[PDB]
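Visitor: next one to model:
(one chain, ligands or ions: 1)
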Amino acid sequence: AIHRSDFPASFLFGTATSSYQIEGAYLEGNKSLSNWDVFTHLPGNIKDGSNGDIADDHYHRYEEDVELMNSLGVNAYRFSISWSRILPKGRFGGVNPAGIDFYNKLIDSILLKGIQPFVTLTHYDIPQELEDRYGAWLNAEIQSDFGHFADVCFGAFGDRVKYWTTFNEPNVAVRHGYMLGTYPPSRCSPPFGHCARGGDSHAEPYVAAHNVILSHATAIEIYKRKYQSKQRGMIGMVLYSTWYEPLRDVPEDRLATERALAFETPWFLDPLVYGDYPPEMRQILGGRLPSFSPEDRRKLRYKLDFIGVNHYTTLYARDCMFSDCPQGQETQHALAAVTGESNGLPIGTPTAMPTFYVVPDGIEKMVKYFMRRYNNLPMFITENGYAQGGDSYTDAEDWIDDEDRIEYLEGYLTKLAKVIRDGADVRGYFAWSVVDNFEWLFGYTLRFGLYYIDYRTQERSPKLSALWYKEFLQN
Ligand SMILES: O=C1O[C@H](CO)[C@@H](O)[C@H](O)[C@H]1O
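Guide: Numbers count the residues shown, from 1 in each chain. Here you go, the structure:
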């Protein structure tokens with residue numbers, strides 16, 4: 001149904017990964033322990049009790065993985081840099097040459113094949129030491145650490161990397177980390193949970209996000225002042241971008257839907273484009289959102305060059321401002337509740353990932369939302385994809401037969417081509433993921449890969465979707 005020629009000639013087509021999810025070699029090459037290294041070695045977090053110690057062993061097997069990408073005919077590869085490999089002890093601890101060597105080699109390998117790097121600086125991970133020293137995202141000192149990390153990466157890799165992302169989905173990592181307490185540093189308060197470390201779900205998430213925003217701003221000021229004229233790259237931020245529809249087509253649910261949307265990606269994007277938090281958020285939260293100082297605002301004038309759209313699913317949103325809803329959900333402060341069902345019918349075909357339904361026109365609608373809110377600022381679809389999991393899969397053959405993933409990709413790509421024809425400045429698409437990998441709290445129980453991985457042997461095998469994507473990219 002959909003073909004390569006239905007997109008612009010210079011469109012990026014790739015796959016996406018992150019460092020913790022694929023690399024393994026978690027203590028090799030002088031790398032320090034990350035937050036997720038520490039987290040996954042505690043009980044009661046990961047569904048299958050697994051960790052990222054080995055994962056896909058991409059640290060040793062990167063060249064095979066680059067060859068697999070190449071055989072699909074991708075022209076780009078989205079990956080993240082492990083902060084703990086570059087600056088194991090943060091900014092006063094010295095640059096780790098072994099980390100620099102690993103990423104240089106990876107970048108050179110993909111460029112040899114004509115595959116453009118599309119690099120995420122941080123994707124959920126930090127050196128544990130930054131948490132231990134000053135509480136990471138709860139202290140403004142993180143801005144300087146992140147600034148320095150960014151500066152090192154730009155200086156070492158930026159001659160060959162033309163697309164950078166500061167953060168992957170800080171909307172998810174912050175709320176999970178500081179509101180629900182389900183991600184490290186596992187902080188929360190009632191009614192979201194009882195976290196033994198402590199926390200304040202009504203305050204700390206907004207402090208953390210504040211420092212993420214300003215870490216971005218510090219990094220992009222560094223890039224534009226120091227590196228941009230020589231390196232000629234673009235610096236963006238990636239946000240988790242779910243589309244929301246009103247549960248009932250009435251004003252209170254429409255308004256609730258607008259709130260749900262505004263509390264997600266504009267939480268970060270409004271400050272980065274307009275220099276203030278979303279007014280939808282400010283109206284409800286007031287002083288819980290910290291202020292931007294004159295110094296902050298100076299950095300915020302560098303803004304961002306693109307929006308990284310991680311879009312998977314679409315949900316219904318309903319009002320909680322004038323109805324009493326269950327408390328302790330991540331949408332609590334937005335005074336909306338979200339669901340995938342209306343009247344015993346799901347919004348689209350359910351999948352093995354909770355909240356992920358097959359709703360292709362969500363990607364069109366999400367892109368148009370960005371277009372209108374941010375005056376068609378350039379966008380990249382930095383993640384889109386489909387999970388297999390559960391009882392139905394006992395052997396390799398079951399995982400390889402992924403006509404369901406093919407149908408997802410075809411539907412979403414069809415709607416993406418449509419929104420671009422309709423004027424959206426979308427410039428690429430990255431399928432999550434090239435390989436099955438460690439799916440955070442789900443461990444290895446969810447498989448998003450175009451390639452199946454046997455974790456006993458590390459054997460890579462193409463699923464039908466790998467063959468499909470190859471055929472699509474051949475036109
Ligand atoms: O949005 C995402 O979706 C992926 C699937 O849940 C996950 O693996 C990535 O790390 C995350 O960036």
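
Visitor: get me the contact residues on the protein for the ligand.
Guide: 18, 21, 168-169, 240, 310, 383, 432, 439, 448 (C-beta under 6 Å from any ligand atom). From N, CA and C alone the C-beta is placed, and that goes for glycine too.

Visitor: strands along the stretch 351-475 of the chain, start to end?
Guide: Here the stretch 351-475 of the chain has its strands, by DSSP state E, counting those that start in this stretch, at 357-358, 379-384, 426-432, 451-454, 459-462.

Visitor: against which helices or strands is the fourth one packed?
Guide: The contact analysis (3 or more C-beta pairs under 8 Å, 6 or more residues apart in numbering; DSSP states H and E) places strand 451-454 against helix 396-400, strand 459-462.

Visitor: and of the ones you listed, who's closest to residue 227?
Guide: Nearest to residue 227, of all those, is strand 459-462, at 35.1 Å by C-beta to C-beta.

Visitor: that closest one - contacts with which helices or strands?
Guide: Against strand 459-462 (3+ C-beta pairs under 8 Å, 6+ apart) you get helix 58-72, helix 396-400, strand 451-454.

Visitor: okay, those in CSV with distance to residue 473 and mean neighbour count next?
Guide: Below are the helices and strands packed on strand 459-462 laid out as CSV (distance: least, C-beta to C-beta, whole Å; neighbours: other C-beta atoms under 10 Å):
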stretch, distance to residue 473, mean neighbour count
helix 58-72, 6, 18
helix 396-400, 20, 15
strand 451-454, 15, 20
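
Visitor: can I get the ones you listed in CSV with distance to residue 423?
Guide: Rendered in CSV, the data for those read as follows (distance: least, C-beta to C-beta, whole Å):
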stretch, distance to residue 423
helix 58-72, 29
helix 396-400, 39
strand 451-454, 35
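
Visitor: for the ones you listed, which one sits closest to residue 164?
Guide: Comparing the helices and strands packed on strand 459-462 by their distance to residue 164 (C-beta to C-beta), the top pick is helix 58-72, with 19.5 Å.

Visitor: show residues contacting the helix or strand following the closest one.
Guide: As assigned by DSSP states H and E, the chain's next helix or strand after helix 58-72 is strand 76-80. Outside strand 76-80, the residues that touch it by C-beta atoms under 8 Å, 6 or more residues apart in numbering are 12-19, 66, 69, 106, 110, 115-123, 125, 163, 168, 382-383, 428, 430, 434.

Visitor: can you show me the CA trace of strand 76-80 as PDB?
Guide: Output in PDB follows, covering the C-alpha atoms of strand 76-80 (Å, rounded to 0.1, in the frame of the first residue of the first chain):
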ATOM      1  CA  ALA A  76      20.200   6.500   9.400                       C
ATOM      2  CA  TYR A  77      20.600   4.900  12.800                       C
ATOM      3  CA  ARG A  78      19.200   6.400  16.000                       C
ATOM      4  CA  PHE A  79      21.200   5.400  19.100                       C
ATOM      5  CA  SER A  80      22.200   6.800  22.600                       C
END
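
Visitor: so which of the contacts of strand 76-80 belong to helices?
Guide: Among those, DSSP state H puts 19, 66, 69, 106, 110 in helices.

Visitor: residues near the residue nearest to residue 58 when sequence neighbours are not counted, how many?
Guide: Nearest non-adjacent residue to residue 58, counting by C-beta to C-beta, 6 or more residues apart in numbering: residue 22, 4.2 Å away. Neighbours of residue 22 under the rule other C-beta atoms under 10 Å: 26.

Visitor: thanks a lot, see you next time.
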